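**Q** sequence, then the experimental structure. Questions to follow.
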Amino acid sequence: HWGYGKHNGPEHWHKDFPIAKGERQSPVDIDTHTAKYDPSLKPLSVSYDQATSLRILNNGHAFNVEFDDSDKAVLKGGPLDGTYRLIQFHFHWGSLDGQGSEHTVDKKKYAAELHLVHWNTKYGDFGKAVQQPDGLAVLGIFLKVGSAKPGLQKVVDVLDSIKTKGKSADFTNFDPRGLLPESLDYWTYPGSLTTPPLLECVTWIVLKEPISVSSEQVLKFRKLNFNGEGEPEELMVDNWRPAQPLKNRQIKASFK
Ligand SMILES: COc1cc2c(cc1O)CC[C@@H]1[C@@H]2CC[C@]2(C)[C@@H](OS(N)(=O)=O)CC[C@@H]12
Ligand SMILES: COc1cc2c(cc1O)CC[C@@H]1[C@@H]2CC[C@]2(C)[C@@H](OS(N)(=O)=O)CC[C@@H]12
Ligand SMILES: [Zn+2]
Ligand SMILES: [Zn+2]
């Protein structure tokens with residue numbers, strides 16, 4: 001079963017998922033001396049007021065918060081056509097503050113990265129959406145260690161109750177607006193799922209401004225287990241895929 005270790009990690013993925021060496025694989029390094037400011041890029045339209053969080057789950061790769069995708073949390077605008085519905089969010093993080101993000105900015109690795117996953121509604125269901133180049137829009141947001149993020153506290157406090165693979169808790173009344181920074185300045189490029197099946201169905205939208213999270217908050221991420229309860233203890237850390245080659249895609253910025 002795929003994972004992040006020496007024996008099942010990103011370097012083994014191409015064997016079951018040959019697309020791993022594709023033309024638009026994610027994440028990528030965002031090189032700012034090559035990123036193209038695009039004045040035509042619209043401001044992002046995040047509408048999360050109606051988001052209906054359901055539960056949080058430890059899937060053995062990370063923990064993910066599922067939403068009711070009817071409920072009308074939607075991402076639109078920015079570089080996107082049509083309506084993308086929020087279906088879930090999750091994080092990738094490191095074994096120390098100095099790494100854990102998937103995207104990098106001039107090779108800088110952040111402590112973590114939040115991904116808010118949305119799907120294009122012309123495709124009827126998530127499953128069909130992922131089979132299309134414009135099937136998904138993932139909003140990526142970096143995490144740096146600093147002051148606490150109040151909107152994160154419910155997430156981290158619940159982690160104690162979902163330590164091992166397959167564990168879930170109820171997670172109603174979670175407002176994902178609280179995971180957002182001040183600015184919605186962004187980079188964007190066509191990419192992929194950063195986990196298997198690595199499908200090239202994603203319009204990546206990566207925010208310029210990281211959110212500040214406390215050391216106390218990020219530490220809780222590192223107490224999760226990859227393994228199931230009663231299995232050999234595998235700590236859930238460094239669950240990130242390294243930056244992939246851009247292969248001459250244009251990363252467009254909405255700010256200079
Ligand atoms: C393959 O076809 C489909 C899959 C899914 C759906 C509809 C489909 O037609 C609806 C919800 C999708 C779920 C897949 C697992 C998700 C992303 C979950 O991610 S997760 N927990 O990390 O495995 C959260 C929401 C899930
Ligand atoms: C094709 O249908 C499915 C897809 C997935 C799952 C189950 C399905 O039935 C479970 C894991 C799902 C993954 C989709 C991309 C996720 C959310 C990834 O999001 S990401 N990193 O932003 O590209 C991380 C976990 C991935
Ligand atoms: Zn799995
Ligand atoms: Zn992710």
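**A** Alright, I've got the coordinates. Numbers count the residues shown, from 1 in each chain. Ligands and ions are numbered 1, 2, ... in the order given.

**Q** from here on, contacts and neighbour counts on C-alpha atoms
**A** OK.

**Q** got the residues of the stretch 1-150 of the chain near ligand 1?
**A** 59, 64, 66, 87-88, 125-127 (CA under 6 Å from any ligand atom).

**Q** let's see it at 5 Å
**A** 125-127 (CA under 5 Å from any ligand atom).

**Q** list only buried entries from these.
**A** residue 126 (16 or more other CA atoms under 10 Å).

**Q** need the residues of the stretch 1-150 of the chain next to ligand 1 in TSV (columns: distance to ligand 2 and secondary structure).
**A** Below are these laid out as TSV (distance: CA to the nearest ligand atom, whole Å; DSSP: H, G, I helix; E, B strand; the rest coil):
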residue	distance to ligand 2	secondary structure
125	10	coil
126	7	helix
127	5	helix
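
**Q** relative to ligand 1, which of the residues of the stretch 1-150 of the chain next to ligand 1 is nearest.
**A** residue 127 (3.3 Å; CA to the nearest ligand atom).

**Q** who are the contact partners of residue 195?
**A** residue 241 (CA atoms under 8 Å, 6 or more residues apart in numbering).

**Q** on the three-state scheme, it is what?
**A** With DSSP: H, G, I helix; E, B strand; the rest coil as the basis, residue 195 sits in coil.

**Q** swap in residue 70?
**A** coil.

**Q** and it, what does it touch?
**A** residue 85.

**Q** what about 10 Å?
**A** Residues in contact with residue 70 (CA atoms under 10 Å, 6 or more residues apart in numbering) are 50-52, 85-87, 121.

**Q** most neighbours among these, which one?
**A** residue 86 (32 neighbours; other CA atoms under 10 Å).
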